[PDB]
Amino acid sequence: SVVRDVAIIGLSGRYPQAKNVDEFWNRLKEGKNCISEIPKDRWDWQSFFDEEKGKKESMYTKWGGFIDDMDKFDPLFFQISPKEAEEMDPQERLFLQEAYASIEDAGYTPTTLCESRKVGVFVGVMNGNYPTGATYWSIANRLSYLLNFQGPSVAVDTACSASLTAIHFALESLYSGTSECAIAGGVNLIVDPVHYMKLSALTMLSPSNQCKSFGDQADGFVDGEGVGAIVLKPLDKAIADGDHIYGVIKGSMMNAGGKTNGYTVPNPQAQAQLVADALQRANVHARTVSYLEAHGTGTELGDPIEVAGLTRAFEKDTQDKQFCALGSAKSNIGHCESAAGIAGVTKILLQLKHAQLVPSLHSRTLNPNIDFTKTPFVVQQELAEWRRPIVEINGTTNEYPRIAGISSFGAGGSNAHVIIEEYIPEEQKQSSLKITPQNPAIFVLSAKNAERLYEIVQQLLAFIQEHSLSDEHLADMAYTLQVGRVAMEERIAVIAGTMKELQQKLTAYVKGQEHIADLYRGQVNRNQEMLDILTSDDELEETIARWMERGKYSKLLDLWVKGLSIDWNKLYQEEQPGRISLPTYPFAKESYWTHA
């Protein structure tokens, strides 16, 4: 059916020196170059190193954007055996955890995300060097199997544009109704020196630690790793359901460069057509675009082509110059290939959250072959407020939302572009769920075991501190932990009317205090038998309803922590609180690897 607005309601990712998107924002805001030496536990670069570029079976760099804990996984969480974990491509392992985390971020469980089970999974991937082989389909299908998703489930390979292609497919599936919700994202890990040898034989890499996006002395990209997922849902339903919305996807396009002067040479005419078509589908005039996340790989051939393509697309709508900021996350984290698009989308969503534009690195001296004064763009150099632009169209002048475009181009010529707009809510703050000591909140936390649960409490305390959460967040925090976290075997529950009270009790738990007022601990594993026989009947589900109404929280929580299933939604007879981002499950960091 027709293009319609899609909300991004959930987000997770792991990028070089950024184990979550909060850390990623800090790297971006601070202008950090997140490139490091090839870790010895991947391979010894000295064994393959030669300064001669293009030499065979060698490499001429010692650098990359590497994520931490690439080989770690929590297979027991998923009832996967250690042997099966060893045989799984880490791309599959890490995407599974990040996708699970993105759903928790959204504030849903796998069950409640979509009651019909029509959840689509779309993942971009392009390198398959793990010793058990390229098995791309399983990166998508493992997620769909474990979480009982029955929408489309697909791995797509358009080389470096793959995760932005994946988003395009996810959107087309939502438009046609084959998905009601979708997980979209991508992954790229560097698991074998042949990865670098291939790129070095084609002289695609920089020798340095700088991906010089639109900068002087451009000499190829720094290779990088990344894994990311977003949760997509039609905007109208996300608003109706009280979801938290990072941004609105207005439209997307995919195309290819066709015949250029040689295979893998990019085509500025085709890039221009792509962007123009994405803007048309989004019903967005180019003069209202105020940030552009470029592909921006820092090659001498590609960067000028990219600016030429964008300028030509924008000039269909406007001749105005240097009104739109331009940047590329690759300047920070390198080029993470099939995950580059999802990393760029993540950067846009973080800029939108903070209404700030971050530096694009290594372009203090601009590419001397690009005259930006003849273009719509200024390559962003410093942290700055992202302003809503005032634009005269149709001889009407108005302030527009923050709108960004993002491009991702694959080496073989497959291109994608997505238009993302800030979500501006309607100002409805009845706040009839005000959390006070007279109307306290119920905080529930659970994990597969006590070690993980302990880590959950630590991360929650830290998150509260880091983001300066207070009493006004208690309602949404408790709701999200109630309905947006799977209730696992090891449980605690806390009643609190203020944040300080919650912090006090949780800190007391972390400090080992055996008895804490209004804090209940227990395990499901113990009372499985009596559970089975009483919850079948609504007779008891009605009894819970009365306990909640009467406010017998101590009773409900003393039962909940032993395994009594409670439909926390019944707690909210009038209205509903909103879902918010909170820390996600702290998967065990256990190493698994195979043998070639």
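Numbers follow the displayed sequence, beginning with 1.
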Quick note on 96-104 and 194-202: per-entry mean CA temperature factor is higher in 194-202
Looking only at C-alpha temperature factors in the entry, 62-70 or 47-55, the higher average sits in 47-55
Entry record, C-alpha B-factors for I420, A278, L292, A475; the maximum is at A475
Entry record, C-alpha B-factors for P586, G13, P577, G10; the maximum is at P577
Entry-reported C-alpha B-factor of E180 relative to its chain, by third, is lowest
Among the modelled residues of its chain, the C-alpha B-factor of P82 falls in the third labelled highest
Temperature factor at the Cα of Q458, chain-ranked in thirds, falls in the highest
So, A596's CA B-factor, relative to its chain, sits in which third? The highest
Chain thirds by Cα B factor, record data; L506 belongs to the highest
